[PDB]
Amino acid sequence: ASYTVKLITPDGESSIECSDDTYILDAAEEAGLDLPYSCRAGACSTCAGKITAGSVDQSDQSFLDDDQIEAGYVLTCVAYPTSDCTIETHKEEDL
Ligand code: FES
């Protein structure tokens, strides 16, 4: 399956198509957007986003604690979409 991912950045709002087996960051880069990252391995907060609608599979994330997850934080570099979703990007500073 493929999902529509709406991305709300500090510049504005976009929507990209992202397969269920593509990470959200990778999908965003393919489209041509410039979202933040460092490790690309789920071990930092560089790529942090906040999901407001929809769901992901971020099973390989290892940086966010349970409360940060509850609040909607996602590590876009290891997050696959599992539905159409909306993710506010550039959220590291929240952490
Ligand atoms: S860039 Fe480090 S967790 Fe995504």
Side-chain angles (χ1 to χ4, degrees):
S2 175
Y3 300 114
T4 301
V5 176
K6 182 201 258 222
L7 297 160
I8 299 161
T9 70
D11 301 327
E13 304 179 2
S14 306
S15 290
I16 61 171
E17 280 307 296
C18 182
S19 314
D20 61 14
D21 69 351
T22 297
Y23 296 133
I24 279 155
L25 177 58
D26 286 326
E29 295 174 336
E30 291 185 353
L33 310 163
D34 184 20
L35 303 191
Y37 66 81
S38 227
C39 70
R40 312 179 66 104
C44 86
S45 54
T46 307
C47 72
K50 187 190 60 181
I51 189 147
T52 60
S55 51
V56 301
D57 170 9
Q58 66 172 349
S59 77
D60 274 340
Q61 86 85 205
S62 65
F63 190 82
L64 303 173
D65 66 32
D66 298 347
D67 291 326
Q68 285 164 342
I69 288 161
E70 175 68 347
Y73 289 97
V74 295
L75 287 196
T76 53
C77 75
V78 286
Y80 294 110
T82 49
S83 64
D84 293 343
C85 54
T86 294
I87 292 163
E88 296 187 345
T89 63
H90 298 69
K91 292 305 177 173
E92 179 168 39
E93 49 163 306
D94 290 7
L95 306 180

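Throughout, residue positions are numbered sequentially from 1 according to the sequence presented.
Note that the CD atom of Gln68 and the OG atom of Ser45 stand 8.5 Å from one another [nearest 0.5 Å]. For the atom pair SG (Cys85) and NZ (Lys6), the distance works out to 12.0 Å, reported to the nearest 0.5 Å. Note that OG1 of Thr4 and CG of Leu7 are 11.0 Å apart. Values are rounded to the nearest 0.5 Å.
Clustering ILVMFWY residues whenever any of their side-chain heavy atoms sit less than 4.5 angstrom apart, transitively, puts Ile51 in a cluster other than the one holding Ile69. Residues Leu75 and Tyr73 fall within the same hydrophobic cluster, defined by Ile, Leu, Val, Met, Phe, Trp and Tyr side chains chained together at heavy-atom separations under 4.5 Å. There is a path of hydrophobic side-chain contacts, each under 4.5 Å, that joins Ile16 to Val74. Under a hydrophobic clustering in which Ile, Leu, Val, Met, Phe, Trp and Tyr are joined whenever their side-chain heavy atoms come within less than 4.5 Å, directly or via other members, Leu33 and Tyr80 fall into different clusters. Both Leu64 and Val78 sit in one connected hydrophobic cluster of ILVMFWY residues. Membership requires side-chain heavy atoms under 4.5 Å apart, directly or through other members.
Summarising the geometry of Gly42 relative to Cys77, their closest heavy-atom pair is N-SG, 3.5 Å, with the distance given to 0.1 Å. Closest heavy-atom contact between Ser38 and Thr46: CB-OG1, 3.2 Å. In terms of heavy atoms, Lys50 sits closest to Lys91 at N-CG, 3.8 Å. Heavy-atom minimum distance, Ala27 versus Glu17: CB-O, 4.0 Å.
Taking a 6.0 Å sphere around CG of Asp65, one finds it holds more than 12 heavy atoms contributed by other residues, nucleotides or ligands. Applying the 6.0 Å contact sphere to CG of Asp66 captures no more than 12 heavy atoms from other residues, nucleotides or ligands.
By the 4.5 Å heavy-atom criterion applied to side chains, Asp20 and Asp57 are not counted as neighbours. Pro81 is listed as a side-chain neighbour of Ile24, based on a closest heavy-atom distance under 4.5 Å. Residues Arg40 and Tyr23 form no side-chain contact, since every pair of their non-hydrogen atoms from C-beta on lies 4.5 Å or further apart.
In this structure a side-chain-to-backbone donor-acceptor pair under 3.5 Å is present from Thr76 to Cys47. For the pair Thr9 (side chain) and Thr89 (backbone), a donor-acceptor distance under 3.5 Å is absent.
Side-chain contact, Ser55 with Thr82: a donor N or O sits under 3.5 Å from an acceptor N or O.
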